[PDB]
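Those protein sequences? They're chains A, B, C, D, E and F, same order as listed.
Note that the first sequence covers residues 622 to 696 in full-length UniProt numbering.
Note that the second sequence covers residues 622 to 696 in full-length UniProt numbering.
Note that the third sequence covers residues 622 to 696 in full-length UniProt numbering.
Note that the fourth sequence covers residues 622 to 696 in full-length UniProt numbering.
Note that the fifth sequence covers residues 622 to 696 in full-length UniProt numbering.
Note that the sixth sequence covers residues 622 to 696 in full-length UniProt numbering.
Virtual Cβ for every residue (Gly too), placed ideally from N, Cα, C.
The structure appears right after this line, and notes come after that.
There are 6 protein chains.
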Amino acid sequence: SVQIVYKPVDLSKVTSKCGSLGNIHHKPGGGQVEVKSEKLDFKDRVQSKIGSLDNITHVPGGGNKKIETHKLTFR
Amino acid sequence: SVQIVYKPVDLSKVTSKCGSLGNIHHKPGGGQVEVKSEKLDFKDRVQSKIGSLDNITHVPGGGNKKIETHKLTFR
Amino acid sequence: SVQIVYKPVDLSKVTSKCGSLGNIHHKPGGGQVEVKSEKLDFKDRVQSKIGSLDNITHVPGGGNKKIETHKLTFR
Amino acid sequence: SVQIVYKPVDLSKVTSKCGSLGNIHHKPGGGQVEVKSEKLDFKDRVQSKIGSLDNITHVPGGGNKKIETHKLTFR
Amino acid sequence: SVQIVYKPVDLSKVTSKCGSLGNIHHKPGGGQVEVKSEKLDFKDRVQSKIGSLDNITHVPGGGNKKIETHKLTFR
Amino acid sequence: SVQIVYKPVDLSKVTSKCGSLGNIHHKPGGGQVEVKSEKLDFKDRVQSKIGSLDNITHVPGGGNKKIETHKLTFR
C-alpha cells in the first residue's frame, strides 16, 4: 500500500518599503526666491518649476511579484 | 490501497508601502517667491509651476502580483 | 481502494499602501507668491499652476493582482 | 488629278504654375515685434511695413503666349 | 496625279513651375524683433520692412512662348 | 504619279523648375533680433529690411520659348 502526505507550509513575507518613510522635517526653511526674466525667446517646449521648499517623492518601483507552483503526480 | 493527502497551507504576506508614509513635517516654512517676466516669447508648449512649500507624492509603482497554481494527477 | 483528500488552505494576504499615508503636517506655512507678467506671447498650449502650500498626491499604481488555479485529475 | 489633305492635329499643352503652389506651412510662429521711433525727420516718400508673420506671393510673370499660323496656298 | 497628305501631329508639353512649389515648412519659428530709432534724418525716399517670419515668393519670370507656323504651297 | 506624306510627330516636353521646389524646412528657428540707431544722417534713398527668419524666392528667369516651323513646298 501507498501513503503520500503533501503538507508544504508557507509563513513567508514579501515586502517593499519605497519612497520617503518615517522621516522628521523639523522647521525646514525655504529661502526667498526671485526670478527676473527679460527679452527671452523659446523655440521649443518649456517645462519650469519655480518654488521654495519644494518637497517631492516619486516611486515607479516597489512592485512585488510572487509566483508559486505546487504539483503532485502519482503514476 | 493508495491514500493521498494534499494539504498545502499558505499564511504568507505580499505587501507594498510606496510613496510618503508616516513622515512628520513640523512647521515647514515656504519662502516668499517672486516671478517678474517681460517681453518673453514662446513658440511651443509651456508647462509652468510657480509656488512655495509645494509638497508632492507620485506613485506609478507599488503594484503587487501573486500567481499560485495547485495541481494533482492520479494515473 | 483509492482515497484522495484535496484540502489546500489559503490564509495569505496581498496588500498595497500607495500614495501619502499617516503623514503629519503641523502648521505648514506657504510663503507669499507674486507673479508679474508684461508683453508675454505664447503660440502653443500653456499649462500653468500658480499657488502656495500646494499638497498633491497622485497614484496611477498600487493595483494588486491575484491569480489562483486549482486542478485535480483522476484517471 | 490633284488631292491635298491638310489635317494637322494639335493636342499640345502650354502651362504655367507661378507663385506659391501646394506648399504646407504647419504651425508657422511669427515672433513678437516692437518698433519705437523718436525725433525722426523725413523729406520725401516713406514706405513702411511692420508685422510678425508675412506670407507674400507677387507674380508679374507667368503669362502664356501661343501664336499659330496655318497657310495653304494653291497656284 | 499628285497626292499630298499633310498630317503633322503635335502632342508637345511646354511647362513652367516657378516660385515656391510643394515645400514643407514644419513649425518655422521667427524670433522676436525690436527696432529703436532716435534723431535720424532722411532727405530722399525711405523703404522699410520690419518683421519676424517672412515667406516671400516673387516671380517676374516663368512665362511661356510657343510660336508655330504651318505652311503648304502647291505650285 | 507623285505621293508626298508629311507626318512629323512631336511628343517633346519642355519643362522648367525654378526657385524652391520640394524642400523640407523642419523646425527652422530664426534667432531674436535688436536694431538700435541714433543720430544717423542719410542724403539718398534708404532701403532697409529687418527680420528673424526670412525665406525669399525670387525668379526673373525660368521662362520657356519653343519656336517651330513646318514648311512644305511643291514645284
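Interface criterion not met: the Cβ of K657(F) is under 9 Å from no Cβ in chain A.
Sequence-distant partners of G640(C) (beyond 5 residues in either direction) whose C-beta falls short of 6 Å from its own C-beta, in its chain, are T678 and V680.
Closest option to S673(A), judged by alpha-carbon separation, among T690(B), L632(B), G652(B) and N644(B): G652(B).
For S622(C), no beta strand (DSSP E) encloses it, and the DSSP letter there is neither H nor E. The Cβ-Cβ distance between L693(B) and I625(C) falls below 9 Å. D675(A) is outside the set of residues whose beta carbon lies under 9 Å from a beta carbon in chain E. Between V656(F) and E655(E), the CB-CB gap stays under 9 Å.
Residue contact with chain A for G683(E): absent (no Cβ-Cβ distance below 9 Å to any residue of chain A). When the beta-carbon positions are compared, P629(E) and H646(F) stay at least 9 Å from each other.
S658(D) and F663(C) have their C-alpha atoms some 26 Å from each other. Straight across, the Cα-Cα distance linking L632(B) with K686(A) is about 16 Å.
The shortest C-alpha to C-alpha distance from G684(E) to any of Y627(E), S622(E), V623(E) and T636(E) is the one to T636(E).
Here the alpha carbons of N676(B) and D675(C) stand approximately 6 Å from one another.
Unbroken beta strand (DSSP E) runs of no fewer than 3 residues, entirely contained in the UniProt repeat "Tau/MAP 4" (654 to 685) of chain B, are found at 654 to 659, 667 to 671 and 676 to 679, following chain order.
Where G640(B) is concerned, the enclosing beta strand (DSSP E) starts and stops at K634 to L642. When DSSP states are grouped into helix, strand and coil, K687(F) belongs to the strand group. In the assembly as shown, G643(A) is an exposed residue. Its beta-carbon has fewer than 16 other beta-carbons within 10 Å.
Just so you know, the alpha carbons of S622(F) and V623(D) end up roughly 10 Å apart.
The beta carbon of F695(A) sits closer than 8 Å to the beta carbons of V623 and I625 from its chain, once the five residues preceding and following it are set aside; these are given in chain order. Across the UniProt repeat "Tau/MAP 3" (623 to 653) of chain E, CB contacts with chain B closer than 7 Å involve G650 and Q653, in sequence order along the chain. Look at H646(A) here: in three-state DSSP terms it is strand.
Remark: C-beta atoms of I671(F) and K670(E) approach each other more closely than 9 Å. Leaving aside the five residues that flank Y627(E) on each side, the residues in its chain whose CB is nearer than 7 Å to its CB run, in chain order, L693. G651(F) carries a strand assignment under DSSP once its states are collapsed to helix, strand and coil. Rounded to whole angstroms, the Cβ separation of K634(E) and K638(F) is 13 Å, and the two are not in contact under 8 Å. Here the C-alpha atom of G682(D) lies approximately 39 Å from the C-alpha atom of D665(A).
Its chain contains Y627 and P629 as the residues whose beta carbon lies nearer than 8 Å to that of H691(F), once the 5 sequence neighbours on both sides are disregarded; these appear in chain order. Within 8 Å of the CB of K664(B), the CB atoms of chain E belong to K648 and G650, in sequence order along the chain.
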